[PDB]
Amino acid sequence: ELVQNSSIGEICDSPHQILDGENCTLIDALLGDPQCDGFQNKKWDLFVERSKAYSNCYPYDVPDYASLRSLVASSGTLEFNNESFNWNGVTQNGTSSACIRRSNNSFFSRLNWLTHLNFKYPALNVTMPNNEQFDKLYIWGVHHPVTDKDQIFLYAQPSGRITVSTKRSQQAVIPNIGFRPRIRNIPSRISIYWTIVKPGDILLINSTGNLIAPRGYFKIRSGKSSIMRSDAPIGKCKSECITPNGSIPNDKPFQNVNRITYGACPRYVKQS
């Protein structure tokens, strides 16, 4: 018998740094859901996402959700540095009753909801250089209002336009005004986008409205960090092979517990 057919039902917290997600996904902890503010600037070798995870802030969606989840998971960190973005002429710190924090209306801790100032929204053109040695990850959004009445009362323009560019890429988004099913009694939505800036490069953001602005950047790292979906409890042991069903020993050259593995694991075989 040289095929590993069983596991201990637990993920050992050693030797890899395990970060349990509890009720939070990696993207929600990235944006700054009030329930996920305990995960700020935390590091990991394997992020464990649970099936009980749920969002509890402003309803949003991420075009290409898997790639942003994979890119941040393969970085193994949530370290965030605030940058002095100069939004002169607009209102900041937008909050919502769907994003409660400390029994008060709030918003994503990493995002800045910009609206008009006295029914004027000047064309914001801001430039943020990266004079560092690492890569910066900027998370920004586009707000999609329900009606044209809200479009005007939020941004004082019948339609906004957002352009985030570097010397290498360009991202241009037009908001889509319309009704959507009410999530936490909110029929508007936010679309999340990301941009990577390299050393010597500059972040350029042009917006005439509907911009969910960043408050800074996440540091990007390279390593063997990853993410895994599992409802197995985390335990006090040591094992260099993790599967969603728990840690398995790596004695046998084969295993049939599950294909998704992390670390130095045996090869997978079907069977049962």
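Numbering starts at 1 and follows the sequence shown.
*Asks:* Could you check which stretch, 94-102 or 151-159, carries the larger mean CA temperature factor in the entry?
*Replies:* Mean CA B-factor is higher for 94-102.
*Asks:* So, looking at the entry's B-factor column for Cα atoms, which has the higher mean, 231-239 or 29-37?
*Replies:* Looking at the recorded C-alpha B-factors, 231-239 comes out higher on average.
*Asks:* Select one of 181, 141, 122, 200: the residue whose C-alpha shows the highest B-factor in the crystal structure entry.
*Replies:* That would be 200.
*Asks:* Please work out which residue in 169, 109, 77, 115 has the highest C-alpha B-factor recorded for this crystal structure.
*Replies:* Of 169, 109, 77, 115, 169 has the highest C-alpha B-factor.
*Asks:* Would you please rank residue 52 by its C-alpha temperature factor against the other modelled residues of its chain and give the third it falls in: lowest, middle or highest?
*Replies:* Middle third - that is where residue 52 ends up once the chain's C-alpha B-factors are sorted.
*Asks:* Please rank the C-alpha B-factors of the chain's modelled residues and tell me whether residue 224 sits in the lowest, middle or highest third.
*Replies:* Tercile = highest for this residue's CA B-factor.
*Asks:* Sorting by Cα B-factor within the chain, modelled residues only, which third would residue 188 end up in: lowest, middle or highest?
*Replies:* For residue 188, whose C-alpha B-factor we compare with every modelled residue in the chain, the answer is the lowest third.
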